[PDB]
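Comments concern the structure below.
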Amino acid sequence: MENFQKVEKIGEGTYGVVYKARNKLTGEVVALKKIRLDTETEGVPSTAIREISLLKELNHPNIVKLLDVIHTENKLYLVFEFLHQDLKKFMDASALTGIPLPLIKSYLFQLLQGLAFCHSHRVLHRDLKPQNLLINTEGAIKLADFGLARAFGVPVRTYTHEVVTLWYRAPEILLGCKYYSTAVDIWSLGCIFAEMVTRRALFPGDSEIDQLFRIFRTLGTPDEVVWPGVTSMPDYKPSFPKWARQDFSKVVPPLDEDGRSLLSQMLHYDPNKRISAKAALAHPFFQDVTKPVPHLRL
Amino acid sequence: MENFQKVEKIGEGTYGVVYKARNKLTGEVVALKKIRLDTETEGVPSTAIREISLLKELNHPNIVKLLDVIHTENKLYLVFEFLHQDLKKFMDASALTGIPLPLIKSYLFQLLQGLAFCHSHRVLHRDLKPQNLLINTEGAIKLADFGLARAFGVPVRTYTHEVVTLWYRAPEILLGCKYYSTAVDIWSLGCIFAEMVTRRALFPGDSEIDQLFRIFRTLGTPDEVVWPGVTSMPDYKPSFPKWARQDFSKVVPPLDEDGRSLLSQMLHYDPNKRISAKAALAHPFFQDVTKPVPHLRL
Amino acid sequence: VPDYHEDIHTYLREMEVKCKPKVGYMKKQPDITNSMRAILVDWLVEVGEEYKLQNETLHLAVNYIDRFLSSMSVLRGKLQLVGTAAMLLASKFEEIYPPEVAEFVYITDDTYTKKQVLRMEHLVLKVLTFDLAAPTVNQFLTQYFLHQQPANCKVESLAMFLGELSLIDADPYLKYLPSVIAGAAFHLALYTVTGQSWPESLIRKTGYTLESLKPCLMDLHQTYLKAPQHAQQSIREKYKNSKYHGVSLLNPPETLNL
Amino acid sequence: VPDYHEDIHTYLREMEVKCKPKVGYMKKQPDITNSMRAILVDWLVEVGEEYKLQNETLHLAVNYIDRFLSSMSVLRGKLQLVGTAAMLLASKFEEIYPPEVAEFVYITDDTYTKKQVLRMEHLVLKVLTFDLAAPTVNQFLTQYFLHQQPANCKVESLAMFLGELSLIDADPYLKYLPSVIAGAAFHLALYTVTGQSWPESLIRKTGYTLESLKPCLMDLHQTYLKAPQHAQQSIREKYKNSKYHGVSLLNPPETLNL
Ligand SMILES: Nc1ncnc2c1ncn2[C@@H]1O[C@H](COP(=O)(O)OP(=O)(O)OP(=O)(O)O)[C@@H](O)[C@H]1O
Ligand SMILES: Nc1ncnc2c1ncn2[C@@H]1O[C@H](COP(=O)(O)OP(=O)(O)OP(=O)(O)O)[C@@H](O)[C@H]1O
Ligand SMILES: [Mn+2]
Ligand SMILES: [Mn+2]
């Protein structure tokens, strides 16, 4: 840990603060997530245990790389590959601009690649949103913050309830369905996709019911025809206003026929019919996909 | 390192300071060979480099277990399996009684096996002597101290000029022969075998020429007949006193025909003829090996 | 979501070999024995019941333990400290609500301190290089069960019952991969409850056959058979509960006919 | 001879597969490329010439370098520091008398300090986890050389010269085992100098046939043919030398007709 020179404070979270640093020896810029543990308290936090253990299996060009874990008696340093911005700020600086379709498609392509990889190694991210997706100065985007992540089983079990930041939380979860899985991450990605296009959160609810209600208004209140089982779900109320399903082209106006399709499949109610990352890679939306390299602002 | 309680001190010298320690969490007792790096001069010692790289490449029950290597900025402690004592101490202890032949045959049996493993893995020990051989409370003896070992190539090149501890140094070394092989270790071991039986060093030279002469006085001065090429080596002098070979029963008295046989073969002038660890293992002497427990004072 | 079943099955099959512990570790191990280990895993079964932990957490703790012991020598007096740290880790990793470290110090009744339990946790982490997402027998059982026609909860719980029994005894199960044991556990359960055998669709899936499973099946059978008189009894007494359909009460096949 | 010669060959053949670097690691390296790598290896050749290091040391240095760069992201600027440290280590492991650090710092001509070189040395040791006894084309060439009757020194220097030309070019060489390059390098020499080929003796030993060693041989021959116009030329220079019997000056076969 002496071959690193701190360079600044990046983004603090749970375990501790995150510095920027450079390996004085090889020149490689990295991010150092630190943990002082809970020495005479909780001990190594479960988030860090799930994050380090799962993250050390996921080696992929589209998942931030945990380069090393530095163990000392009183501190644990997690050395990550350094990425400049997160989608959240990138879009913010895209004032006027708008992320051009080519980059949205590139980004969507990369995210599915990295997410399909996670699902193939029984890992649910459960926290996809633009803050957690980091981009670099070469046109790449990668999934980050696997603190909420968890290794799943086949078949799945009942996992922690209410996961995923609200706006990006899937309908399965809000209805308090017994089991959720991989489809939850696909919902978050459908929302980020609509968001990259419109530059605005798709379902910016303030409570779970507001969220369901925004969801229903845009895709219609699901019934037993569209989602066999909805009406018997824990948090499904027969009093729910039944909204007609909005014409998809009105959901994200700038999108073509293809992108509409992909999005409609990503935002599919029934989690069993909602498209897989793996299968989304082969959609016509991506037939022209390239790797536009964006100029960053830092 | 904060998990080890330093108990005693042992073989401190050259590099090591060798302490006897216990892991405060598991209760395991290790032998810590601390090594001092030259942070601003020479860096990590070649001794440590070869020793660690080869030891962690030699997994056998008659080669000491290197358990861990603790890698600090300024220090480097080798964590090995703690074995009760070296053969040099067990031997001194056995002064007055002698190591029972059945235990001897056993010890030499185990060494030849470990050595055979080193040799079959292109590794030369080059410092075989009682002190560098360790034993445990159950009847096992292991090759230790690989600080002088080197990985060899076929055919052998020209390796480091005169290595091995004088008393156990083989004639080729002494005579400044061009290359050396696995046979230099066979000699050393042979000398060790006699030393265990006669309870005294076979050739206690007080110099390279004294050493040469003690060898000659015993085995007889070698000629082109016994060692085709002796006369032609860099340190051979035509002015060598031509001594005559002594009856082996004079040499190692307690030893029987096989013992004298196996020994005469581990002490062959011509290295090319000197028995191998693989062969020696086969040797009749061993026909009835067991695994006696030594009466330790451990 | 079958869309990932085979990538995951194939992934687990690959990782199970990387978390494989030194199959000959007890021999080389100085102060502890198989029997002591059996004493430890049984206790952990109790701890799992006490804190109502998941079975997967049980399996995970044991996996961690066998791996720790495969490279670290441990004193009989120090073995439960390892067991508690592995159980704690297994808990944080798998549980929605893991017990607090105070609960774990309590269950090793007055024995160890919490700084001790915490320092061991850090050490189990160092030895295991943070590789905690280990494939367990339960993870495979869970997939296999999907090849029942139709699903029989008694076969399921029995399979689980037996897979857990294999945890107690390092000799002989420390040499069988989780997937194999999960195959033996499943077949022997299916047979004991429905007379049916290792399904063809599982041969396609796993590639394992009744004949690939014989060695392990022979062992698992004897274990099921001798179960009533095993020194340890927590799993038997645990699988009496309605939660597991009281399958420990079921009578094992006198023969397998293989 | 009689016992270990095979054990050893066999052992090496086992390790060479464990000692392999990611064949396309350079594509994942953001600032460095195979060209810069070539520049680096050629410089190293010059360094060995300079300090008269054993050819085996050159081979070890590149080994450790590909393994390091396969795991560690490095900038063009620190690239030579990884080289100097890799050479440092190879010298300590291989040579009877390795140049002191002062010498290694001097060759970088004030580019880096003695502390950086020393700090990189420890880093290359951490990353490579002290595993420095790497098999090399040289080791295998050495054994193969025994199976040549009569022993043609020119063939030896040529073989040495060929497998050394391979160290320079990650593409395509990085995808062959040392044993194979040793073979292709061997046959190509025997033929180029004495119209003969890969001996059955050697085939029974290695199990290599002129057609299993064909892909490599095909590349090796092109590399050989274009040696004159490769940006890197220290190996040609070093091999015009008298103790290498100007093998570089030799004329490579226009064809092989394999
Ligand atoms: N690898 C990294 N590269 C660049 N910046 C990083 C990296 N890791 C963390 N950061 C910055 O810190 C902010 C917080 O994000 P991250 O989710 O990675 O970890 P954290 O918040 O420190 O901890 P936790 O995982 O508990 O949330 C991010 O928005 C990110 O910009
Ligand atoms: N496993 C061990 N158990 C007990 N003592 C050991 C062990 N390994 C080494 N020692 C002690 O240190 C002594 C020295 O051999 P070791 O290789 O440790 O060298 P050192 O003295 O540090 O350096 P050198 O290489 O110069 O001998 C042994 O003779 C023994 O007394
Ligand atoms: Mn975050
Ligand atoms: Mn010593």
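Just to verify a result, which residue in the stretch C:232-249, among those that are closer than 19 Å to C:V41 by Cβ and either among the charged types (D, E, K, R) or in contact with a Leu (Cβ under 7 Å, 6 or more places away or on another chain) (or both), is surrounded by the most Cβ atoms within 10 Å (Cβ to Cβ)?
Going through the qualifying residues, I end up with C:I235.
Identify, by number, the condition in (1) assigned to a loop (DSSP other than H, G, I, E, B); (2) over 18 Å from the mean Cα position of the chain (by Cα); (3) within 14 Å of chain C (Cβ to nearest Cβ) that B:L67 doesn't meet.
Checking B:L67 against (1) assigned to a loop (DSSP other than H, G, I, E, B); (2) over 18 Å from the mean Cα position of the chain (by Cα); (3) within 14 Å of chain C (Cβ to nearest Cβ), the one that fails is (1).
Could you check the stretch B:178-199 and list, in sequence order, the residues that are surrounded by fewer than 20 Cβ atoms within 10 Å (Cβ to Cβ) and more than 14 Å from chain D (Cβ to nearest Cβ)?
Selection gives B:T198, B:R199.
Being touching a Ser or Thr at 6+ places or on another chain (Cβ under 6 Å) and among the basic types (K, R) is the requirement here; does A:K242 meet it?
yes
Of the residues B:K33, B:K6, B:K24, B:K20, only one is of a type in the set (K, R) and under 21 Å from D:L125 (Cα atoms); which?
B:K33
Can you work out which of the residues in the stretch B:1-45 that are touching a residue at least 24 places away in the same chain (Cβ under 8 Å) and among the β-branched types (V, I, T) is farthest from the other protein chains (Cβ to nearest Cβ)?
For the stretch B:1-45, the residue satisfying everything is B:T14.
Mind checking which pairs have a first residue in the stretch A:156-171 that is facing chain C (nearest Cβ under 10 Å) and a second that is of a type in the set (S, T, N, Q), Cβ under 6 Å, 6 or more apart or different chains?
Note: pairs meeting the criteria are A:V156/A:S181.
Per-residue answers, yes or no, for (1) within 16 Å of ligand 3 (Cβ to nearest atom); (2) closer than 23 Å to C:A134 by Cα:
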position	(1), (2)
A:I70	no, yes
A:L76	no, yes
A:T97	no, no
A:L111	yes, no
A:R122	no, yes
A:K129	yes, no
A:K142	yes, no
A:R157	no, yes
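Residues that are farther than 20 Å from C:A151 by Cα: which helices (runs of 4 or more DSSP H) entirely in the stretch C:191-251 hold 1 or more of them?
C:210-226, C:234-238
Among the residues of the stretch A:14-67, how many are of a type outside the set (A, V, I, L, M, F, W, C) and closer than 20 Å to A:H121 by Cα?
The qualifying residues number 12.
Could you list, in sequence order, all residues of the stretch B:151-177 that are buried (at least 20 other Cβ atoms within 10 Å of the Cβ) and of a type in the set (K, R)?
Listed by number, the list holds a single entry, B:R169.
Given the criterion closer than 28 Å to D:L53 by Cα and either out of contact with any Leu (no Cβ under 9 Å at 6 or more places or on another chain) or within 14 Å of chain D (Cβ to nearest Cβ) (or both), identify the matching residue among B:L175, B:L148.
Just one listed residue meets the conditions, B:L148.
I'm checking my understanding of the structure. Among residues of the stretch A:8-52 that are of a type in the set (K, R) and surrounded by fewer than 21 Cβ atoms within 10 Å (Cβ to Cβ), which one is farthest from ligand 3 (Cβ to nearest atom)?
A:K24
Give me the residue from the stretch C:92-116 that is at the interface with chain A (Cβ under 8 Å from one of its Cβ atoms) and outside any loop (DSSP other than H, G, I, E, B) and, out of that set, nearest to B:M1 (Cα to Cα).
Per the stated criteria, the residue is C:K115.
Taking the stretch D:122-172, which residues are of a type outside the set (A, V, I, L, M, F, W, C), more than 14 Å from chain B (Cβ to nearest Cβ) and surrounded by fewer than 22 Cβ atoms within 10 Å (Cβ to Cβ)?
Hits for the stretch D:122-172 are D:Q149, D:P150, D:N152, D:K154, D:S157, D:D169, D:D171, D:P172.
Can you list the helices (runs of 4 or more DSSP H) found entirely within the stretch A:206-287 that contain at least 2 residues being in contact (Cβ under 8 Å) with a residue 40 or more places away in the chain and more than 19 Å from A:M196 (Cβ to Cβ)?
In the stretch A:206-287, the matching helices (runs of 4 or more DSSP H) lie at A:208-219.
Where residues in the stretch A:46-64 are more than 10 Å from chain C (Cβ to nearest Cβ) and either within 16 Å of ligand 2 (Cβ to nearest atom) or of a type in the set (V, I, T) (or both), which of them is farthest from D:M72 (Cα to Cα)?
A:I63
State yes or no: is B:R169 touching a helix residue (DSSP H, G or I) at 6+ places or on another chain (Cβ under 8 Å), within 12 Å of ligand 2 (Cβ to nearest atom) and not assigned by CATH to the domain that holds B:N59?
So B:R169 fails the test.
What are the residues in the stretch A:139-150 that are near ligand 1 (Cβ under 10 Å from one of its atoms) and either out of contact with any strand residue (DSSP E or B) (no Cβ under 8 Å at 6 or more places or on another chain) or not assigned by CATH to the domain that holds A:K105 (or both), if any?
Within the stretch A:139-150, A:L148 is the sole residue that qualifies.
Mind listing whichever residues of the stretch D:20-38 are hydrophobic (A, V, I, L, M, F, W, C) and either buried (at least 18 other Cβ atoms within 10 Å of the Cβ) or within 10 Å of chain B (Cβ to nearest Cβ) (or both)?
D:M26, D:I32, D:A38
Could you tell me which of the residues B:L76, B:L133 is among the aliphatic types (A, V, I, L, M), more than 16 Å from ligand 1 (Cβ to nearest atom), away from every other protein chain (no Cβ under 11 Å) and under 18 Å from B:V17 (Cα atoms)?
The conditions single out B:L133.
Could you list, in sequence order, all residues of the stretch A:79-122 that are away from every other protein chain (no Cβ under 11 Å) and either within 16 Å of ligand 2 (Cβ to nearest atom) or in a loop (DSSP other than H, G, I, E, B) (or both)?
Result: A:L83, A:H84, A:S94, A:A95, A:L96, A:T97, A:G98, A:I99, A:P100.
Can you tell me which residue among B:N74, B:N136 is surrounded by fewer than 22 Cβ atoms within 10 Å (Cβ to Cβ) and in the same structural domain as B:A151 (by CATH)?
Every option except B:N136 fails the conditions.
Basis: the model, the stated rules and, where named, an outside source; these are not laboratory values. Positions of Cβ are generated from backbone atoms using ideal geometry, with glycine treated the same way; all protein chains shown enter the neighbour counts.
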